[PDB]
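Structure record follows, encoded as structure tokens.
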Amino acid sequence: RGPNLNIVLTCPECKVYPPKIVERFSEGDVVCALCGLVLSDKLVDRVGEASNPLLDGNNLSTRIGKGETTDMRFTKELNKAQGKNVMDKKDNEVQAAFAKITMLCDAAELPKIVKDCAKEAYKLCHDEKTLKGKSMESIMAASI
Amino acid sequence: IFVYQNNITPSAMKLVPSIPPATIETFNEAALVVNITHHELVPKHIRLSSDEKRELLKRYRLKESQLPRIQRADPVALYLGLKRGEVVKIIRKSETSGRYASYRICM
Amino acid sequence: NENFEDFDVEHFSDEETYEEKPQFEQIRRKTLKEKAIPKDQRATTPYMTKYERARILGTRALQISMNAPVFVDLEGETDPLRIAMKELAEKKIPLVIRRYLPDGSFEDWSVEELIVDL
Amino acid sequence: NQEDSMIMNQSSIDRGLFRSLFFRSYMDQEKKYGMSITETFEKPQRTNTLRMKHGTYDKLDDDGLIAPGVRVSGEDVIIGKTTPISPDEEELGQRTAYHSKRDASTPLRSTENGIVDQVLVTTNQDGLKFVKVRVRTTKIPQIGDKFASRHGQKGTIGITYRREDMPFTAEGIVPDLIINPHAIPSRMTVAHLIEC
Amino acid sequence: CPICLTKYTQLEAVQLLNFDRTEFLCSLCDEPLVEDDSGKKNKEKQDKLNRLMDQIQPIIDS
Amino acid sequence: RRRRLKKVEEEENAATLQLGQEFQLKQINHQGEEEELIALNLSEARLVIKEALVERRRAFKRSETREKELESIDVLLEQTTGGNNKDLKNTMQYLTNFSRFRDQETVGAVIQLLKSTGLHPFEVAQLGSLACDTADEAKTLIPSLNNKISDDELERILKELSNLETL
Amino acid sequence: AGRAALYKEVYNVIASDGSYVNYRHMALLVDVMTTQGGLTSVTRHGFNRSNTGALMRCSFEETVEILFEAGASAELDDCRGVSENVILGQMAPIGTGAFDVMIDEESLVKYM
Amino acid sequence: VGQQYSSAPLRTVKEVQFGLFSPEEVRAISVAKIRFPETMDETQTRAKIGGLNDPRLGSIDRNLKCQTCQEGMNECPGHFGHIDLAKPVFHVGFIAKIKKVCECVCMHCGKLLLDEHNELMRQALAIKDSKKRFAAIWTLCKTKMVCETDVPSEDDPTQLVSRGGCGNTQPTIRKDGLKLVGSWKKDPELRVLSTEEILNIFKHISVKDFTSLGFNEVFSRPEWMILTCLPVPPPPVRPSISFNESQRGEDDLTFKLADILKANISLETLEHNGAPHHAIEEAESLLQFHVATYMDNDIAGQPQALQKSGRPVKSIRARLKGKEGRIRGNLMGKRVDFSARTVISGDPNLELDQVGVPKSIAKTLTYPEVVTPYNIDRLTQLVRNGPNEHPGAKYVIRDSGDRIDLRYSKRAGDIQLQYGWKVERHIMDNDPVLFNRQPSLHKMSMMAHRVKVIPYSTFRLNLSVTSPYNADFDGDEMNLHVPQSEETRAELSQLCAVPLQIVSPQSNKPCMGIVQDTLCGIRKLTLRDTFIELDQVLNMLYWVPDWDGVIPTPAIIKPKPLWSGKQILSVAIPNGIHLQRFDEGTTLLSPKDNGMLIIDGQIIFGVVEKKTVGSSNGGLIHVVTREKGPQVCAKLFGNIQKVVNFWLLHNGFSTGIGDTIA
Amino acid sequence: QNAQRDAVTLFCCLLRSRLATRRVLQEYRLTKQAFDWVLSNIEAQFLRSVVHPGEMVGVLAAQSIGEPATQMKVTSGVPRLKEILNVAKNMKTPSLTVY
Amino acid sequence: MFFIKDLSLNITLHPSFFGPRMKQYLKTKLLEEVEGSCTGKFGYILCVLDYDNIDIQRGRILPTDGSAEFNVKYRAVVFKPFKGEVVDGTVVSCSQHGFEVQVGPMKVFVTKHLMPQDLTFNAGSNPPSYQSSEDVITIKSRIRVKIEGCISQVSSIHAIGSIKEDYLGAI
Amino acid sequence: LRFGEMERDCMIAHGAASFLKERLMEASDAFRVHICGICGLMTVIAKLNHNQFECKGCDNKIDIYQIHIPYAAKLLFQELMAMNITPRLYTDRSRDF
Amino acid sequence: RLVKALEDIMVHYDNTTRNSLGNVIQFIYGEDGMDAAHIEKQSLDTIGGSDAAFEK
Ligand SMILES: [Mg+2]
Ligand SMILES: [Zn+2]
Ligand SMILES: [Zn+2]
Ligand SMILES: [Zn+2]
Ligand SMILES: [Zn+2]
Ligand SMILES: [Zn+2]
């Protein structure tokens with residue numbers, strides 16, 4: 001099911017599968033280790049922002065802030081325009097829960113690994129049928 | 001040629017455009033006390049005829065806009081009474097070749 | 001990283017200073033044969049220029065490097081550029097030069113007829 | 001030695017003139033991105049590790065860290081670190097079910113070599129194990145190394161002569177270093193001469 | 001092509017014909033193509049058209 | 001000149017005499033002048049290609065029933081054409097298997113017949129190509145002939161082409 | 001006369017410290033600076049405003065605004081300048097590129 | 001491996017035509033309609049169909065083909081998508097132009113305020129170029145407040161001709177952020193002008209109307225200035241970087257298109273499900289702001305979209321303008337391969353046009369040499385040498401474009417070379433290479449040298465060539481560039497060579513001369529006191545490479561054979577050179593030995609000084625390079641440097657603290 | 001032809017000043033072959049001194065002007081050069097020289 | 001169908017063929033990749049006429065690879081199909097999807113939805129053909145087919161045929 | 001190594017056009033892209049193995065040219081397309097010099 | 001700034017000095033058409049001196 005869209009780096013002369021392939025990162029080449037023929041040249045080894053889609057999912061949101069020349073009336077107008085958005089309400093409350101969890105961890109000086117484990121434990125177990133009526137304090141405490 | 005003394009009412013400027021080919025040039029007395037042509041920096045300006053302009057464009061393979069320009073407000077241009085699309089041959093002293101003949105079209 | 005008092009000017013770097021001061025036809029037409037000036041009335045120089053000689057040497061050496069038939073006797077010379085200079089020495093380069101006038105017209109000058117004085 | 005170059009005595013360089021040590025420290029850390037998305041300092045094996053670097057892995061130990069004292073060369077790995085990936089993929093052809101991990105190891109610099117001086121293992125503030133490897137090498141002075149007096153008279157070594165080629169006094173004293181006279185008058189550095 | 005789920009008209013089916021001169025192989029999936037169920041619903045579209053138009057005649061009269 | 005982008009134009013079709021942008025009735029040759037669009041019937045094309053091949057054979061050398069003509073043009077393509085001549089070969093077998101006139105005299109008779117009809121070279125080439133026998137068949141086979149030629153003149157053209165057709 | 005005075009001022013600046021520059025360089029500078037009938041300053045609002053190609057102008061200063069104006073005005077760039085050939089990566093019509101190399105056949109067959 | 005062969009004709013770009021996309025053209029060229037603001041699938045392993053990273057747009061993973069062109073990184077250019085906007089929005093780079101056009105045109109019937117029935121309008125139409133004509137039209141029509149449905153006749157202002165126009169009142173338009181407000185006059189009625197209204201008006205503008213405004217009819221209509229179908233740039237424009245091959249950090253552009261899709265979906269849900277009007281203007285203002293900061297984050301009087309780290313979102317304009325922008329940082333100048341950089345050192349024993357290349361640099365930089373019969377043996381020997389030994393080769397390029405690394409191939413055996421193959425061999429000696437010192441203010445500051453492979457780590461070069469480079473050996477880096485083709489190699493050797501640029505066109509005098517120790521020693525050598533004994537004379541004569549092998553007769557025969565310094569220095573000067581210079585107090589007898597006289601390349605009197613062999617007009621360098629040519633002048637540089645440096649070596653020269661003492 | 005005559009008239013003045021009959025027959029004392037050699041060499045060097053078409057003299061002039069700026073009552077120097085190139089209505093020392 | 005045209009072709013002449021006699025090399029290298037070559041711009045070009053004199057311009061040396069680029073203007077016979085055209089031909093292959101008819105150098109496909117309903121497929125018969133109550137259409141059989149749609153790529157042309165129109169099929 | 005503005009200026013002053021072209025293309029990024037003939041855009045789907053070219057939206061399969069531009073130039077033109085600007089590239093002159 | 005001002009100005013084959021647009025800057029380069037590298041400072045003998053020295 002679905003298209004292949006897979007590129008295999010096989011030597012068209014040695015014809016040995018699987019091929020011994022050396023990736024010359026310094027020389028920008030991908031070569032066959034047996035015959036020395038290049039396969040893909042001009043290889044690619046900052047400009048965006050780090051975002052792991054495992055802790056907060058594939059949420060891609062940018063907020064609005066003051067620039068060098070910023071008028072405040074449009075600033076509050078855009079902030080309240082972003083405030084009434086419907087598709088990110090579950091996203092908004094799960095980041096609110098993440099913020100409260102991190103605030104609890106930082107208020108009791110726990111290491112960052114515990115914050116990460118608690119956040120992923122909450123995310124993996126958010127929106128459960130068996131976990132709907134329990135108090136959010138208990139949910140955060142159990143995650144911690 | 002109209003030589004006034006101090007100033008003109010704009011109610012006369014609006015009717016300075018008259019029936020062609022009759023043309024009106026308004027010259028201030030104070031601006032005309034000294035001939036600017038006699039100044040050592042101002043080179044010799046020679047107005048070109050239509051056939052001269054055509055030959056100049058033909059031999060240099062030029063278009064109208066590819067020539068160096070002079071506006072129709074330059075004091076030398078007003079001195080010669082230049083009109084739009086009129087080319088002057090400008091002969092000036094060259095420190096590398098003695099005589100250099102440049103051309104400028106009146107825009 | 002590094003902390004260097006050795007004042008090295010990072011180059012192509014004038015936009016610090018831009019931000020400091022930001023406030024202050026009738027003979028030839030279309031693609032006719034009239035662009036091709038006939039040989040009798042060519043008005044360009046008969047002397048082959050430095051850029052012309054450079055590009056003829058480059059083109060001839062590139063061709064010789066890809067087994068073009070050399071039209072001069074080789075004296076044991078193997079470098080394509082020196083073979084090209086030898087070909088240019090006795091006018092045996094079978095090329096002509098298309099000097100484009102600014103209006104789009106051009107003149108065709110053979111390497112054989114161009115005087116190589118430089 | 002013309003115009004800010006020096007001629008340094010190669011025999012003096014052999015005897016330790018301006019010879020110097022160079023220590024570089026490499027810090028590497030294993031972190032847990034979640035439950036199982038973590039990495040381990042370990043020596044990778046070609047059977048079960050994807051996207052290794054072409055440098056040799058033989059100088060590592062069972063814990064994926066090279067012992068101190070071992071000589072290193074260009075692009076040799078000194079800290080072997082691997083993290084697991086999503087199993088049963090299809091990438092670059094040489095991908096199988098054995099390749100459960102990818103290589104996130106730290107090689108040496110491609111030009112640097114030397115001796116592993118000291119390997120330090122510990123935990124951070126967060127309790128994650130992280131290592132520090134100090135590599136010691138020596139920079140023997142050679143042609144092009146920059147030297148300066150105490151007077152702004154910097155420059156590189158032009159060439160190195162042995163003792164039998166340098167000029168010498170009647171006492172047999174050769175210079176360790178020859179500067180050019182042309183450094184003096186334009187800069188008007190008289191205190192260099194007075195210090196000498 | 002059921003693998004790539006991409007539509008093909010009659011014109012480009014000929015250039016996807018194989019050496020066996022029987023099947024139409026997909027360019028990306030390399031799988032023989034299946035026939036789309038369009039054209040047999042032309043009578044269904046005619047019935048839909050008539051069943052719309054007998055329900056709109058009072059609007060026509062108005 | 002031409003200020004070019006995707007303008008409005010009709011799709012290529014046979015009945016509308018829209019043979020594309022570059023198949024116009026007026027054609028500019030390599031010498032620059034306007035010249036009529038020339039479409040050839042199967043027999044005329046077969047004779048033209050045969051003259052071209054024997055002319056190429058003569059240029060190389062200086063430096064009837066269906067079977068014997070078929071093997072003659074086969075060995076002619078073998079000795080004259082080089083690599084990748086398969087499509088030209090199958091074109092020659094198609095032209096010989098579907099020709100209606102064998103000599104240049106019959107082809108010239110067809111040309112001088114169809115030059116005075118005043119129709120398009122395209123449709124008269126189609127008429128010479130197809131062995132139609134009924135005027136209504138000719139109208140329903142070549143839709144450009146509708147409201148273009150009278151039926152009696154059309155029947156005269158078909159019957160005289162059938163008379164001129166041999167083998 | 002403004003061009004002559006401008007050359008005199010530039011020459012005074014250059015020869016203020018006794019440095020000598022050949023006349024044709026400052027002559028070319030003042031001829032460019034006075035070719036439009038006015039003192040066309042070397043600014044983002046001076047020479048950068050003549051219709052000399054959108055890519056040439058955007059290479060210097062105010063790049064995005066110049067491309068915006070070109071897109072709004074549907075400006076056609078003839079690609080005769082150096083900068084357009086730099087961005088397009090093709091042979092600029094300068095120096096060696098200021099001509100073309102045609103291949104001759106008549107002298108070639110005359111050779112042997 | 002290069003690129004796959006293409007059957008399309010290879011042409012050069014002769015013209016670049018600008019303009020604006022029509023939304024119909026955007027929908028036509030789009031390969032997909034992007035719906036979902038998500039880029040990744042719900043399983044976090046594949047590309048979401050209809051998302052911002054749809055495979056039909058292209059592919060930025062090596063093991064992923066593009067879904068459209070079925071190619072990889074090196075072949076797929078990327079394919080565009082589009083966004084069907086819920087409401088029309090303004091192009092942020094055209095706010096002033098929209099305002100100007102709105103001041104020009106009617107706000108009810110979409111007609112020009114002033115037609116050809118006015119003299120001023122007609123003379124504004126007489127302006128040929130679009131910008132000046134549009135500026136004149138705008139200045140003329142910004143003061144008109146009425147559509148002028150009826151006007152007097154142009155020939156006589158007595159009768160009234162009813163032109164086009166509704167006669168309505170055109171309001172004054174000003175911008176307040178990203179929206180236009182119009183104040184109608186009071187017989188003021190101020191209200192916000194909706195973008196769809198302006199789009200409708202601009203559609204009702206006739207062809208001649210915006211043609212007079214400078215808008216071209218198929219390339220840039222003013223109606224296309226309003227954005228209603230935003231094209232989606234492909235993932236090659238906005239790649240997803242990786243920090244440790246485990247993170248999926250996306251571009252800021254992808255973040256902005258996610259915001260665009262979020263705002264657009266919010267707006268279409270609000271209009272579809274019914275909403276108060278202020279919610280609709282709030283949502284469309286948010287969408288317009290997101291469009292603007294996607295297109296230009298730096299807007300005056302406006303807040304900036306910020307990343308999760310709080311840094312401003314790098315919009316496309318930021319990627320365009322600036323130093324590291326596309327034009328000046330990646331297009332108009334760029335980083336290149338086949339380059340080298342190290343410190344420089346002086347070498348008196350190198351020729352003027354010669355550079356000393358380090359062996360490791362020579363083992364790294366390669367020149368692809370085409371296989372001919374003239375070099376089949378040499379290239380075969382270089383291939384057999386391998387890339388680990390200089391001289392050697394690193395790659396063999398076959399005629400099909402296949403490139404064979406010479407590592408990982410000797411175990412497969414040796415390779416028989418064929419004619420027309422390319423061998424990427426190491427640069428040997430006499431290879432023309434470009435040699436450049438930044439900042440490089442002038443053309444003499446980066447020139448072509450000849451390679452001499454030397455066994456150390458420095459670019460070594462002649463001392464006399466340091467002046468045009470403005471180079472000193474206090475740790476200066478200085479760049480190297482190797483041409484990879486015979487054409488560029490030839491034009492580098494014949495145009496950019498060191499001897500060809502001895503005489504600077506800057507000040508019509510030589511830019512290179514005898515400098516520093518060689519200048520001091522050539523003054524000390526040509527003094528009248530300086531006499532050189534036979535044993536040193538023979539060594540000095542042998543140090544001249546082009547010495548003809550005849551010992552000149554001494555200036556003093558008895559009681560001891562002594563050669564003067566001028567006599568030996570004249571050996572370096574080629575014959576036929578005549579230089580004459582008179583200083584103050586200089587006669588044909590020189591009591592001061594000032595001035596110069598050289599006859600047939602023989603020094604008659606005068607000490608050789610900066611006025612003679614320095615970078616001075618009319619000196620020895622200028623005369624020799626004008627009468628003998630550049631190669632002879634370069635050989636003269638080498639000869640004088642060698643002989644003077646040898647004599648100074650065996651003579652010695654110092655300075656000390658006592659030299660500053662009166 | 002008029003432009004060609006005007007372009008060499010200073011060099012023609014120099015040539016006539018140097019190659020006068022009095023100077024040749026008195027100071028230079030040239031022979032027939034010496035004079036023909038002189039004329040041939042002058043013509044050859046003049047034809048070699050013509051600027052080559054295709055030369056980017058704009059960039060050459062810009063570099064030859066900007067580089068001596070790097071080598072550096074009434075204002076002078078880099079600020080004066082900036083006042084000149086950025087053609088400003090005001091300047092530090094606006095002045096006259098009345099004769 | 002068969003036209004004659006005056007075409008201009010751009011040919012990359014390699015520098016290895018810069019011998020004394022480039023004219024016949026240029027004519028030859030014109031004559032492999034034109035005879036039987038398919039172009040969507042002009043159809044299947046079959047034979048080049050006027051071989052004795054062909055217009056050869058002065059060739060472009062490309063400034064990167066050194067090859068000579070000639071704009072050779074030639075006259076040739078072409079086979080450019082169109083839609084709406086009825087032609088004769090012979091069937092060369094058949095399947096359940098339809099059958100391929102050979103018209104000149106072209107294999108026009110007749111799809112299975114484009115015969116009249118009398119014809120049906122019978123794979124049991126050898127060769128597998130289309131059989132009706134009044135006629136049978138087998139391999140190497142005379143048939144008259146009308147082309148309703150032709151797709152032309154840069155180097156390939158495919159056509160859609162049918163025999164549903166009256167006075168079509170076998171003659 | 002940066003072959004920046006001023007290195008390019010000095011190559012221009014030498015007149016070394018082809019070396020400059022080599023530095024800008026064969027030394028950094030030589031990208032071959034296909035463009036339509038009707039529109040000047042690079043919106044051409046190229047199946048090189050199938051030898052099929054088409055610019056959908058102009059519906060032409062016979063008017064495609066390939067050009068060699070810097071990859072940064074292609075990305076420039078795609079960014080300008082994202083600016084709703086047309087960088088229409090044409091392989092022939094339309095206006096006389 | 002100066003380089004970007006003058007980056008497109010070339011001596012053409014008619015020995016004129018034009019920009020990219022073909023607008024003529026100098027009708028002959030440097031008003032004399034001479035390459036700058038082939039220029040030497042020379043003394044004009046006729047302009048100097050007295051009339052008696054001129055005649056002598
Ligand atoms: Mg320094
Ligand atoms: Zn292999
Ligand atoms: Zn498929
Ligand atoms: Zn693609
Ligand atoms: Zn109105
Ligand atoms: Zn298109």
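Identifiers for the structure tokens are assigned positionally: chains receive A, B, ... in sequence, residues are indexed from 1 per chain, and ligands are indexed from 1 in the order shown.
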(request) Please extract the residues at most 12 Å from ligand 5, counting only C-alpha atoms and all ligand atoms, and provide them as a PyMOL selection string, using the chain letters and residue numbers of this document. (result) chain H and resi 102+104-114+144-150+163-171+201+204-205
(request) as a PyMOL selection string, please: all residues of segment 13-142 of chain J that backbone DSSP puts in strand (DSSP E or B). (result) chain J and resi 13+38-39+43-49+55-56+59-61+68-79+85-94+98-103+106-111+120-122+129-131+136-137+142
(request) Mind giving me the straight-line distance from atom CA of residue 103 of chain B to atom CA of residue 68 of chain B in Å, one decimal? (result) 6.8 Å
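By chain and then residue number, the residues within 10 Å of residue 66 of chain B are residues 57, 104 and 105 of chain B; 18, 19, 21, 22, 23, 24 and 25 of chain L, counting only C-alpha atoms and disregarding those fewer than 6 positions away in sequence.
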Store the residues picked out above in a file with C-alpha atoms, as a PDB file, in the first residue's frame.
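For reference, again14.pdb as written:
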```
ATOM      1  CA  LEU B  57      22.902  58.364 -34.586  1.00  0.00           C
ATOM      2  CA  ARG B 104      24.322  65.711 -25.377  1.00  0.00           C
ATOM      3  CA  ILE B 105      20.654  65.492 -26.308  1.00  0.00           C
TER       4      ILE B 105
ATOM      5  CA  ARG L  18      28.785  52.323 -22.817  1.00  0.00           C
ATOM      6  CA  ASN L  19      26.935  50.807 -19.883  1.00  0.00           C
ATOM      7  CA  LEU L  21      21.872  49.678 -21.490  1.00  0.00           C
ATOM      8  CA  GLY L  22      24.125  50.829 -24.317  1.00  0.00           C
ATOM      9  CA  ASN L  23      23.955  54.435 -23.140  1.00  0.00           C
ATOM     10  CA  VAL L  24      27.137  56.157 -24.279  1.00  0.00           C
ATOM     11  CA  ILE L  25      29.289  57.458 -21.442  1.00  0.00           C
TER      12      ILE L  25
END
```
Residues within 8 Å of ligand 1 should be enumerated using only C-alpha atoms and all ligand atoms and returned as a PDB file with C-alpha atoms, in the first residue's frame.
```
ATOM      1  CA  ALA H 471      50.680  41.339   1.838  1.00  0.00           C
ATOM      2  CA  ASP H 472      52.969  40.908   4.817  1.00  0.00           C
ATOM      3  CA  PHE H 473      54.099  37.667   6.412  1.00  0.00           C
ATOM      4  CA  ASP H 474      52.772  38.478   9.871  1.00  0.00           C
ATOM      5  CA  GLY H 475      50.237  35.672   9.586  1.00  0.00           C
ATOM      6  CA  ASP H 476      48.262  36.735   6.521  1.00  0.00           C
TER       7      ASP H 476
END
```
(request) Could I get the residue neighbourhood of ligand 2 at 9 Å, counting only C-alpha atoms and all ligand atoms, as a list in words? (result)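 With only C-alpha atoms and all ligand atoms and a cut-off of 9 Å, ligand 2 is contacted by residues 10, 11, 12, 13, 14, 15, 16, 19, 20, 21, 31, 32, 33, 34, 35, 36, 37 and 38 of chain A; 409 of chain H.
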Counting only C-alpha atoms and all ligand atoms, give me one row per residue of chain H with an atom at most 12 Å from an atom of ligand 3, showing the shortest contact pair and its distance in Å to one decimal, sorted by chain then residue number, as a Markdown table.
```
| residue | atom | partner | partner_atom_place_in_ligand_line | distance |
| --- | --- | --- | --- | --- |
| H:67 | CA | ligand 3 | 1 (Zn) | 10.6 |
| H:68 | CA | ligand 3 | 1 (Zn) | 11.8 |
| H:70 | CA | ligand 3 | 1 (Zn) | 11.8 |
```
Selection export as a JSON list (two decimals), in the first residue's frame, atoms kept: N, CA, C and O atoms:
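This went into part14.json:
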```
[["chain", "number", "residue", "atom", "x", "y", "z"],
["H", 67, "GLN", "N", 7.28, 12.60, -5.41],
["H", 67, "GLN", "CA", 6.13, 11.87, -5.93],
["H", 67, "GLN", "C", 5.73, 12.33, -7.32],
["H", 67, "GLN", "O", 5.06, 11.58, -8.04],
["H", 68, "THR", "N", 6.14, 13.53, -7.72],
["H", 68, "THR", "CA", 5.72, 14.07, -9.01],
["H", 68, "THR", "C", 6.71, 13.72, -10.12],
["H", 68, "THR", "O", 6.35, 13.06, -11.10],
["H", 70, "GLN", "N", 9.51, 11.94, -9.73],
["H", 70, "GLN", "CA", 10.13, 10.64, -9.45],
["H", 70, "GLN", "C", 11.65, 10.72, -9.45],
["H", 70, "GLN", "O", 12.34, 9.86, -10.01]]
```
(request) Using only C-alpha atoms, find the residues of chain H whose closest atom to chain C is at most 6 Å away, then write them as a ChimeraX atom specification. (result) /H:374,439,486-487,490-491,494
(request) Kindly compile the residues surrounding ligand 6 within 12 Å, counting only C-alpha atoms and all ligand atoms, and format them as a PyMOL selection string. (result) (chain F and resi 4-7) or (chain H and resi 25-26+28-30) or (chain K and resi 34-45+53-65+86+88-90)
(request) Take atom CA of residue 566 of chain H and atom CA of residue 526 of chain H and report the distance between them in Å, one decimal. (result) 4.9 Å
(request) Residues of chain H no more than 7 Å from chain I, counting only C-alpha atoms: send them over as a list in words. (result)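 Residues satisfying the distance criterion: residues 441, 442 and 506 of chain H.
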(request) Residues within 10 Å of ligand 4, counting only C-alpha atoms and all ligand atoms: report them as number ranges by chain. (result) H: 55-60, 65-80, 234, 236; K: 44-47
(message) Report, in Å with one decimal, the straight-line distance from atom CA of residue 8 of chain E to atom CA of residue 21 of chain F.
(response)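 Straight-line distance from atom CA of residue 8 of chain E to atom CA of residue 21 of chain F works out to 26.8 Å.
Proximity to residue 34 of chain C at 12 Å, evaluated using only C-alpha atoms and with sequence-adjacent residues fewer than 3 positions away removed, yields residues 25, 26, 27, 28, 29, 30, 31, 37, 38, 103, 104, 105, 106 and 107 of chain C.
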(request) Could you give me the residues within segment 3-104 of chain B that DSSP places in alpha helix (DSSP H), as an MDAnalysis selection string? (result) chainID B and resid 10:13 50:59 75:80
For N, CA and C atoms, I'd like the residues from the last selection saved as a compact mmCIF listing (two decimals), in the first residue's frame.
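So the final result, stored in again_11.txt, reads:
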```txt
# COMPACT_ATOMS: atom_id res chain seq x y z
N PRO B 10 2.40 84.37 -12.24
CA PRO B 10 2.10 83.05 -12.84
C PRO B 10 0.96 83.08 -13.84
N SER B 11 0.09 84.09 -13.76
CA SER B 11 -0.96 84.29 -14.76
C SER B 11 -0.39 84.61 -16.14
N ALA B 12 0.89 84.98 -16.22
CA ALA B 12 1.56 85.08 -17.50
C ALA B 12 2.30 83.80 -17.88
N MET B 13 2.87 83.10 -16.88
CA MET B 13 3.45 81.78 -17.10
C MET B 13 2.46 80.79 -17.69
N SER B 50 19.19 68.55 -38.00
CA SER B 50 18.49 67.27 -38.03
C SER B 50 19.27 66.22 -38.81
N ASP B 51 19.85 66.61 -39.95
CA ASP B 51 20.66 65.66 -40.71
C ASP B 51 21.95 65.32 -39.96
N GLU B 52 22.52 66.30 -39.26
CA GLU B 52 23.69 66.03 -38.42
C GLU B 52 23.35 65.05 -37.31
N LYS B 53 22.19 65.24 -36.68
CA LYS B 53 21.75 64.34 -35.62
C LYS B 53 21.49 62.94 -36.17
N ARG B 54 20.89 62.86 -37.36
CA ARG B 54 20.65 61.56 -37.98
C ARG B 54 21.96 60.86 -38.32
N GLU B 55 22.94 61.60 -38.83
CA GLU B 55 24.23 61.00 -39.15
C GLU B 55 24.96 60.57 -37.89
N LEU B 56 24.85 61.36 -36.82
CA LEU B 56 25.47 60.99 -35.55
C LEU B 56 24.87 59.72 -34.98
N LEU B 57 23.54 59.59 -35.04
CA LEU B 57 22.90 58.36 -34.59
C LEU B 57 23.23 57.19 -35.49
N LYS B 58 23.38 57.43 -36.79
CA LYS B 58 23.63 56.33 -37.72
C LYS B 58 25.05 55.80 -37.58
N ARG B 59 26.04 56.69 -37.48
CA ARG B 59 27.42 56.25 -37.48
C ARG B 59 27.81 55.61 -36.16
N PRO B 75 21.30 76.18 -17.87
CA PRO B 75 21.57 77.56 -18.31
C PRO B 75 22.20 77.66 -19.68
N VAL B 76 23.06 76.71 -20.05
CA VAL B 76 23.56 76.67 -21.42
C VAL B 76 22.45 76.28 -22.38
N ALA B 77 21.57 75.37 -21.96
CA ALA B 77 20.46 74.97 -22.81
C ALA B 77 19.49 76.12 -23.04
N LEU B 78 19.20 76.89 -22.00
CA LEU B 78 18.37 78.08 -22.18
C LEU B 78 19.09 79.14 -23.00
N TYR B 79 20.42 79.22 -22.85
CA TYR B 79 21.21 80.15 -23.64
C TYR B 79 21.11 79.83 -25.12
N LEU B 80 21.17 78.55 -25.47
CA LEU B 80 21.00 78.18 -26.87
C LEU B 80 19.54 78.05 -27.27
```
